[PDB]
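See structure below.
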Amino acid sequence: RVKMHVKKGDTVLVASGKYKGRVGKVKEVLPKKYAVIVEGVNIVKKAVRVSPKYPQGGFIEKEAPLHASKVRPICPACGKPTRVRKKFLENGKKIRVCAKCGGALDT
RNA sequence: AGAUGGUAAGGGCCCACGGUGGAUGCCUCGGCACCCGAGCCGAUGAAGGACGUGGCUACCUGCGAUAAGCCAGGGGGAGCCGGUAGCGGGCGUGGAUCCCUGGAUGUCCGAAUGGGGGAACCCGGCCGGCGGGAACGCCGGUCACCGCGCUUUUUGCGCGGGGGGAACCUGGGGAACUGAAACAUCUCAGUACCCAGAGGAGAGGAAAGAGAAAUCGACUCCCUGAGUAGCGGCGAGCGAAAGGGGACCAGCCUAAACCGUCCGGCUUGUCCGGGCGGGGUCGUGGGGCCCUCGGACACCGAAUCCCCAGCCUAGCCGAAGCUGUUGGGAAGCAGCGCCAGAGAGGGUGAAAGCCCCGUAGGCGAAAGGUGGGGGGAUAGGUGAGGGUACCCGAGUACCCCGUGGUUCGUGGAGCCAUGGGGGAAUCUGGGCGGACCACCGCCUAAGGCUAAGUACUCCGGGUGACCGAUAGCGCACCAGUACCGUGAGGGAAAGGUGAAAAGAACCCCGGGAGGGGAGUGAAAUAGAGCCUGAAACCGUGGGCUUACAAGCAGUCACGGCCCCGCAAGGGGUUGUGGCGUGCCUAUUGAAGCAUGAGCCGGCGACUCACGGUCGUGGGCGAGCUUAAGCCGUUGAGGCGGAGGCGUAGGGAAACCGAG
RNA sequence: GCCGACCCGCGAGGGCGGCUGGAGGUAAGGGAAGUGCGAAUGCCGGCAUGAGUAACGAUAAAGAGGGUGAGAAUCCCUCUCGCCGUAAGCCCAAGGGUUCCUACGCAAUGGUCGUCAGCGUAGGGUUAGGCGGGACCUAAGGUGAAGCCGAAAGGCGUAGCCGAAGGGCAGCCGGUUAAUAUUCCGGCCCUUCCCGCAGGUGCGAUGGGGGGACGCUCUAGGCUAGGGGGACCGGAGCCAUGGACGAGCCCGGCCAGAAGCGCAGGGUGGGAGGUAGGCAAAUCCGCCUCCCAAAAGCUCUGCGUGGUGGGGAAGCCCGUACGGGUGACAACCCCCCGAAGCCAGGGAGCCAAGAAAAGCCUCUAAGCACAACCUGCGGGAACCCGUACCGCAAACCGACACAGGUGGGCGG
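For the first sequence, our numbering begins at 72 and goes up steadily by one.
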């Protein structure tokens with residue numbers, strides 16, 4: 072309960088400490104431990120030479136996790152957190168004044 | 001002939017490098033206490049277990065033949081199929097996970113409840129269903145005994161009934177250690193423990209009261225009264241109510257009289273007993289019957305009846321920032337800016353009012369739950385007089401005896417209550433005002449119901465001059481677990497890589513085990529029960545010293561060896577010699593052949609509450625000061641004089657009173 | 001935390017600096033206290049001392065060849081020795097829970113080892129109409145409607161109900177899997193209840209009697225389990241070293257089995273009359289008088305036999321293992337010994353005076369007489385819990401592979 076955070080699955084830049092200020096994609100929320108996985112911490116793993124799937128060159132990885140409570144919003148600008156009006160019907164959580172939500176698709 | 005340094009089997013002493021090992025610091029999904037709210041679960045089978053349950057599944061938790069879940073109601077907006085990774089395959093804006101409600105399935109055991117029984121296993125009667133289905137077998141219903149109320153006794157119909165419960169609470173039972181420096185009376189204590197049973201409270205509850213004033217006016221509670229008055233082998237010690245100031249405020253239902261009514265009986269009778277109803281409720285007594293005024297349209301009206309706001313069972317919105325910069329990392333530093341009814345906190349690789357959750361502020365119920373806060377209704381309550389002479393709670397009061405409660409241990413012993421015995425009266429009746437008698441008062445006994453105010457912590461929410469893995473609950477963690485005992489019961493150990501798993505591919509030796517780079521990250525001297533690595537602790541290298549040598553082991557000085565230092569000086573070492581009865585407890589007195597300790601690390605012992613009591617630091621000063629409580633606060637205080645100290649003592653006492 | 005030869009204070013400490021470490025810390029002034037350890041044969045935890053010593057579990061004993069492997073005293077195949085042999089062999093339950101089996105494995109666990117294993121892992125294995133148990137029965141006992149009592153909690157408790165290795169009740173042989181088999185396979189034996197056909201009877205109770213049915217001591221006839229010998233039966237071998245082809249040594253020479261046959265034995269008199277006993281229902285027992293017979297008939301069991309199915313060794317071949325064959329058309333015959341066991345409820349003797357209930361025999365009530373019951377043959381159904389593996393011991397009671405203890409059977 073109360074796993075609710077602000078980071079959605081779209082495209083959002085970094086405000087971290089390693090790759091500070093980096094543009095990142097959908098981010099893929101995993102999960103409710105407060106972690107992200109966008110396109111920032113690219114790592115290579117020490118996987119073995121597992122005869123089928125991990126061929127003969129065992130030393131490879133793709134996208135490495137990273138913490139949620141660090142990344143930050145986009146729109147015609149950059150950051151600036153979201154703001155939700157109950158729209159009377161559905162929701163409209165645009166960026167700080169600079170408009171447009173994040174759901175799109177007839178939102 | 002004489003002279004005199006020199007080897008280390010191994011040893012010690014020092015430094016350095018390690019290992020075992022765990023302390024310590026810091027941390028904290030744990031706990032602590034206080035307040036606050038809240039306060040019952042059951043035959044609609046509980047609290048609580050057993051076997052099961054997932055596609056691969058030991059634990060755990062959730063759950064139960066529909067088994068990690070079932071359908072609707074509400075919420076919510078992007079992830080999801082639990083911790084616990086993999087195989088595998090699903091999940092959703094035709095809006096899933098999940099929080100809140102309601103119900104669906106609910107095998108087996110437990111009051112167990114058809115019967116049985118070594119809990120969780122084995123049988124059975126009847127109602128009905130499935131296999132071809134009568135022989136065997138499954139399935140839904142139903143079946144124990146208690147009360148208590150109607151049925152034609154009959155068969156039955158019916159509302160209830162049990163077990164539990166952390167603590168408190170009412171009664172039925174009821175010890176001893178210990179105190180009295182012995183020990184019986186007394187104390188501890190009517191405590192501990194057994195039992196019964198009730199509930200959010202319990203119990204209690206409207207005066208046969210109190211108590212001396214023509215004074216008050218249920219019950220529980222606080223504080224005061226007050227260690228007061230008494231009690232007592234006048235010892236231990238035990239130790240009242242009144243009154244007061246405050247919290248809370250509520251007051252009531254019946255029997256008997258008189259009248260009716262259906263029933264039972266019988267020696268029919270102006271009738272003994274009964275079902276029910278009318279009827280009545282008291283301290284200048286009320287009530288009865290008849291009469292007297294007029295008894296009434298109104299007046300009161302819930303604790304019972306209902307409705308609705310608020311309260312809870314999830315949630316929702318929610319002010320304010322960036323560039324450069326050292327660092328693996330910034331919130332740190334610099335610069336300029338911004339919010340505030342919000343500078344509470346938490347995290348974010350570190351130290352943030354403006355990065356994420358959030359606080360302040362405002363909102364929220366279709367379903368459940370709760371409801372005097374207020375509105376409705378309803379049960380029920382409202383009279384002045386006169387006579388009559390009906391009733392006014394019986395094996396009761398009273399009396400006696402053996403006695404428990406009370407301050408009362410037997411006192412002059414009341415009063416309340418009662419075991420055996422005798423044994424009343426009806427308002428001139430009657431209990432008590434402490435032998436008993438007079439009087440004068442007080443109250444109406446022997447039927448019952450009563451909220452709030454006080455108690456309590458299984459539980460949730462909030463606080464901290466409470467603890468941080470020997471502390472804290474026994475349990476931070478897969479703890480009422482392992483393991484010990486038949487047994488009732490006992491009761492362990494055991495936290496932490498890192499910001500993130502990025503948790504080490506590959507070659508190398510080796511059976512592996514484990515290591516050597518590679519490689520990981522800021523750091524691998526963070527390398528996997530790994531943060532930080534005290535000591536005891538055993539290793540290893542090197543400086544000094546030791547094979548004629550007598551010792552509480554060191555002290556003091558002289559010499560020499562090594563390493564320091566610009567000097568002068570120093571540290572380390574020990575050839576030699578001057579000297580030298582270990583530490584503690586107990587003792588007249590101990591090195592002790594008196595005792596306590598292998599050594600190391602942590603735990604570990606003069607407090608606290610109330611009263612007294614000497615001083616002392618202040619304020620006030622013949623005056624000083626408030627407890628309970630209430631009001632305010634969210635570490636904000638303040639009102640609240642009831643009372644205690646003080647202004648006077650002497651006498652056992654009446655009393656007298658600076659005598 | 002570690003290091004120190006500097007500074008300050010009489011001191012207890014404080015500053016300083018170097019090394020370590022990784023985020024908390026708190027001055028000056030005040031305050032609150034579970035505050036200061038060397039000791040309590042003190043509490044927990046850790047590491048030593050003796051001491052590389054005592055011990056390493058029975059004096060029944062080990063020796064070699066090959067093999068596995070990185071590694072063989074310690075595992076496995078063979079040869080050799082020795083010890084138990086009323087056992088230290090084979091069961092039976094009790095007891096423990098997967099210890100059994102098959103493949104792989106050694107970090108600990110075996111007082112060293114380990115390639116072994118009761119240890120790790122995953123996979124498997126436990127069958128029932130007849131053994132045991134329950135929908136049967138009682139005993140001592142317990143529970144327990146009622147009865148009674150007790151301050152409570154409870155005590156005794158009749159009827160009923162649970163309760164045993166006691167009663168009774170239908171299953172014996174060989175085969176077979178890696179491992180269980182009276183459970184599956186097969187050759188035979190039979191029970192249980194239901195429907196029908198056929199025959200036959202008054203049916204039939206939880207209520208009455210019959211019976212079950214019982215002590216010790218000695219002991220009968222046959223019979224068998226088991227046991228010994230054969231010149232004889234059947235075989236794969238063997239003449240050794242001085243003798244021998246001797247009836248030479250050596251192996252084995254059965255198991256089940258209904259109907260029927262033979263054998264032994266246990267049980268029981270047949271019939272009539274009456275009857276106010278059996279807490280009257282009785283033709284049944286009891287009981288008084290009568291007839292015959294005491295043999296024998298009736299009748300259950302014990303043995304042997306029986307058609308049929310099953311078994312079957314020394315040795316050799318290979319096979320590591322287990323065993324597969326070999327192993328035969330297999331022989332399966334006689335003489336003797338003889339059970340403590342069998343016929344069961346046998347005989348005799350004695351004093352201490354020797355369970356109970358249901359099955360089973362049966363009489364009648366209730367009631368039924370189309371029913372129901374008995375026989376028979378046919379046709380259908382007959383469930384639910386057990387079994388693996390240790391069991392005079394390593395798995396069980398003793399904290400341990402303790403030299404301890406452990407009922408009953410086979411025990412040559």
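Each residue gets a CB set at the ideal place from its N, CA and C atoms; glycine is no exception.
Beta-carbon proximity check, residue i vs residue j, cutoff 9 Å
i, j, result
"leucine 160", "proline 136", "no"
"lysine 104", "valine 142", "no"
"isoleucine 166", "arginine 156", "no"
"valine 109", "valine 85", "yes"
"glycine 173", "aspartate 81", "yes"
Beta bridge counterpart(s) of residue i as assigned by DSSP
i, result
"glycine 163", "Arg156"
"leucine 176", "Per DSSP, none; premise fails for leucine 176."
"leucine 137", "In the DSSP output, where bridge partners are listed per residue, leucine 137 has none listed."
Near the ligand NAP: residue i beta-carbon under 8 Å from a heavy atom
i, result
"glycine 95", "Among the components of this structure there are no ligands whatsoever, and the ligand NAP is therefore not found."
Residue i classed as buried or exposed, judged by whether at least 16 other C-beta atoms fall within 10 angstroms
i, result
"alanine 139", "buried"
"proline 123", "exposed"
"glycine 129", "exposed"
"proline 144", "buried"
"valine 83", "buried"
"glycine 95", "buried"
Nonlocal neighbours in the same chain, by C-beta distance under 8 Å from residue i, ignoring five residues either side
i, result
"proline 126", "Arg120"
"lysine 89", "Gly111, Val112"
Residues of its chain near residue i, where Cβ-Cβ distance is below 6 Å and the 5 sequence neighbours each way are ignored
i, result
"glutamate 134", "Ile108"
Nonlocal neighbours in the same chain, by C-beta distance under 7 Å from residue i, ignoring five residues either side
i, result
"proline 152", "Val77, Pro144, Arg167"
Item to complete: Could you tell me which uninterrupted beta strand (DSSP E) segments, each at least 3 residues in length, are contained entirely in the region 73 to 141, listed from first to last along the chain?
Response: none
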